[PDB]
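Each remark here refers to the structure printed beneath this line.
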Amino acid sequence: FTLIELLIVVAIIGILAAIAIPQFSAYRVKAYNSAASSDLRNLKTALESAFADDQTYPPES
Amino acid sequence: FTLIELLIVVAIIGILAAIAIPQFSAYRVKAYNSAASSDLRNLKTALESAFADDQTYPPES
Amino acid sequence: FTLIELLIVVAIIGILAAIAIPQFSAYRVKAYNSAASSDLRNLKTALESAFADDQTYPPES
Amino acid sequence: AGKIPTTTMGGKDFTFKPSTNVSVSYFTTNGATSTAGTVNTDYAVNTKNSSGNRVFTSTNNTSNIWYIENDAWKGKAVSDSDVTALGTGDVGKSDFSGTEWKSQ
Amino acid sequence: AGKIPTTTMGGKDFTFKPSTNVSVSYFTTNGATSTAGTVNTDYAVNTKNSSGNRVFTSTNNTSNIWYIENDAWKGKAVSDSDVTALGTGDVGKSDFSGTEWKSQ
Amino acid sequence: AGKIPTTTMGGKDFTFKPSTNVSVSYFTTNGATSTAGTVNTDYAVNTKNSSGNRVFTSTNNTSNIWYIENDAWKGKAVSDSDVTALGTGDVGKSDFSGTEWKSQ
């Protein structure tokens, strides 16, 4: 509308364009880690189930 | 106010009307997908709970 | 874009910044507790296994 | 046939309802036949959000949740033929060759 | 004295290690004395997660696992005095009057 | 050699598949040798998410899951040498001195 109105908008667009976007890197690597430790604690039950069938842990591959 | 003032406003309204609005389509389809995979991983626990009651998965429908 | 548009955004950012974040303290202390009671109920089987080898519970340390 | 079970063979309610906008299809060895003396040893089950580009599926004797992610279908439910779902039969599928994938 | 046994009197390793962040304290009739001719007829043993508001304990001639659950201590281990653990002595305690409880 | 077992010595399928993006490496006394008369008394096994800064490992005669958490490697799998995994040999490792840790 008025030149002064178009001077507040550009003064607010500048504000709302920098709101300290956080580093969402550590908060995701923790999920990837806790998939692998879960997966290992599960894998152990398969190994120690298979031993109590065969008196041996499985052959590799 | 002055004709030159009404020539900057129209020169700024034209600017602030094209600020590269992004395609917010992929950023929403990911949410719809992660509802369905969550829902399936939950549905599996109901199936494999019901088996350990009845020695059978449920009848369909 | 328009000053009124930049008055709804600030009216929504204020909303979506206060959504009653819950106290996730009790819901985590329960996990720490149920690690220790599990660990004790397991430790008991080692003690009462070792007795049925040696006619004695183990020496401390 | 082919839909989420409403009741297990012991007569108890299946205690699970799907999300607001997700299609589900479920298949088992002996269909809908609640004959009080059969045993479904297996299931194959799949889901898609009506608005999603992914259909997700699992079977009885598999770990992981297997997807396809075809960008083509975006407004379908898993009842539609052109979704490449795991229908009746192929219900165990302990292995997958070249069609769907969740591994690396 | 007072810690989880590393070895039983027959010279064999105690084959049990505690969880990532749990304190343990263990007491028996004849302490650490591995004299190859004694018999510990009893034990009293307790655990707490360093970050937990519960200390859990059991003794030789008791069923159940008995807790206290004092919200006060939350960053202590069972080595600390202000935890109300079952120290040396009172090692059987086949009965409990009014201090700790797991029953209804 | 060195990968997750697909089958146990009694000829049965190992009934476990890993997560979507996790590398696994597994080692035992007698390697891949399915000679129908051997006994692997032990295993050493490790996992890492391809995108994770942690490798996790366990062996036959240990409680706990032991990690390293080196921020350096973040896009490796446990097949890579610069991960400090528990290779063939050192398969029991009932004790750990100063390399990896899960205790307090």
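Identifiers in the structure tokens: chain A, B, ... in order shown; residue index from 1 per chain; ligand index from 1 in order shown.
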What does chain C look like after a least-squares fit onto chain A on every Cα paired in order, written as a PDB file with C-alpha atoms, in the first residue's frame?
```pdb
ATOM      1  CA  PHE C   1       0.000   0.000   0.000  1.00  0.00           C
ATOM      2  CA  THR C   2       2.082   2.963   1.322  1.00  0.00           C
ATOM      3  CA  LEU C   3       5.898   3.067   1.085  1.00  0.00           C
ATOM      4  CA  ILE C   4       6.106   2.941   4.878  1.00  0.00           C
ATOM      5  CA  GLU C   5       3.926  -0.219   4.896  1.00  0.00           C
ATOM      6  CA  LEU C   6       6.373  -1.776   2.391  1.00  0.00           C
ATOM      7  CA  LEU C   7       9.148  -0.838   4.828  1.00  0.00           C
ATOM      8  CA  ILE C   8       7.773  -2.803   7.770  1.00  0.00           C
ATOM      9  CA  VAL C   9       7.142  -5.948   5.720  1.00  0.00           C
ATOM     10  CA  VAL C  10      10.759  -6.030   4.555  1.00  0.00           C
ATOM     11  CA  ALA C  11      11.632  -5.339   8.192  1.00  0.00           C
ATOM     12  CA  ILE C  12       9.660  -8.410   9.311  1.00  0.00           C
ATOM     13  CA  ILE C  13      10.509 -10.787   6.457  1.00  0.00           C
ATOM     14  CA  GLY C  14      14.103 -10.194   7.505  1.00  0.00           C
ATOM     15  CA  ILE C  15      13.197 -11.164  11.066  1.00  0.00           C
ATOM     16  CA  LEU C  16      11.160 -14.285  10.291  1.00  0.00           C
ATOM     17  CA  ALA C  17      13.876 -15.528   7.923  1.00  0.00           C
ATOM     18  CA  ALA C  18      16.448 -16.017  10.723  1.00  0.00           C
ATOM     19  CA  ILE C  19      15.017 -17.866  13.722  1.00  0.00           C
ATOM     20  CA  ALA C  20      18.036 -19.991  14.700  1.00  0.00           C
ATOM     21  CA  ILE C  21      17.297 -23.225  12.840  1.00  0.00           C
ATOM     22  CA  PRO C  22      18.872 -25.895  15.079  1.00  0.00           C
ATOM     23  CA  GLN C  23      21.320 -28.600  14.069  1.00  0.00           C
ATOM     24  CA  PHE C  24      19.111 -31.672  13.597  1.00  0.00           C
ATOM     25  CA  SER C  25      22.078 -33.981  13.179  1.00  0.00           C
ATOM     26  CA  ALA C  26      22.723 -35.382  16.636  1.00  0.00           C
ATOM     27  CA  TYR C  27      18.993 -35.873  17.175  1.00  0.00           C
ATOM     28  CA  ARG C  28      18.880 -38.267  14.164  1.00  0.00           C
ATOM     29  CA  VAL C  29      22.212 -40.137  14.626  1.00  0.00           C
ATOM     30  CA  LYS C  30      20.883 -41.338  18.034  1.00  0.00           C
ATOM     31  CA  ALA C  31      17.990 -43.094  16.199  1.00  0.00           C
ATOM     32  CA  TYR C  32      20.387 -44.823  13.737  1.00  0.00           C
ATOM     33  CA  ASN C  33      22.537 -45.991  16.692  1.00  0.00           C
ATOM     34  CA  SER C  34      19.559 -47.337  18.726  1.00  0.00           C
ATOM     35  CA  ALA C  35      18.440 -49.323  15.663  1.00  0.00           C
ATOM     36  CA  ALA C  36      21.820 -51.161  15.589  1.00  0.00           C
ATOM     37  CA  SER C  37      22.003 -51.891  19.373  1.00  0.00           C
ATOM     38  CA  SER C  38      18.380 -53.151  19.334  1.00  0.00           C
ATOM     39  CA  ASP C  39      19.266 -55.274  16.286  1.00  0.00           C
ATOM     40  CA  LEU C  40      22.323 -56.791  18.055  1.00  0.00           C
ATOM     41  CA  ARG C  41      20.397 -57.543  21.303  1.00  0.00           C
ATOM     42  CA  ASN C  42      17.850 -59.327  19.124  1.00  0.00           C
ATOM     43  CA  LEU C  43      20.549 -61.154  17.056  1.00  0.00           C
ATOM     44  CA  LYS C  44      22.028 -62.552  20.300  1.00  0.00           C
ATOM     45  CA  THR C  45      18.712 -64.343  21.097  1.00  0.00           C
ATOM     46  CA  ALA C  46      18.816 -66.038  17.665  1.00  0.00           C
ATOM     47  CA  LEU C  47      22.445 -67.216  18.248  1.00  0.00           C
ATOM     48  CA  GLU C  48      21.756 -68.534  21.762  1.00  0.00           C
ATOM     49  CA  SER C  49      18.493 -70.136  20.595  1.00  0.00           C
ATOM     50  CA  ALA C  50      20.340 -71.922  17.759  1.00  0.00           C
ATOM     51  CA  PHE C  51      23.041 -73.166  20.176  1.00  0.00           C
ATOM     52  CA  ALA C  52      20.414 -74.831  22.394  1.00  0.00           C
ATOM     53  CA  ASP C  53      19.236 -76.764  19.266  1.00  0.00           C
ATOM     54  CA  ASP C  54      22.608 -77.884  17.834  1.00  0.00           C
ATOM     55  CA  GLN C  55      25.250 -77.634  20.665  1.00  0.00           C
ATOM     56  CA  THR C  56      27.060 -75.140  18.388  1.00  0.00           C
ATOM     57  CA  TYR C  57      26.736 -71.573  17.243  1.00  0.00           C
ATOM     58  CA  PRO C  58      25.971 -71.385  13.491  1.00  0.00           C
ATOM     59  CA  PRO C  59      28.681 -71.502  10.778  1.00  0.00           C
ATOM     60  CA  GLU C  60      29.464 -68.023   9.352  1.00  0.00           C
ATOM     61  CA  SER C  61      27.711 -66.944   6.067  1.00  0.00           C
TER      62      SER C  61
END
```
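Going from CA of residue 20 (chain F) over to CA of residue 23 (chain D), you cover 23.5 Å.
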task: Could you check how far CA of residue 51 (chain F) sits from CA of residue 65 (chain F), in Å to one decimal?
output: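 Here the two named atoms are 19.3 Å from each other.
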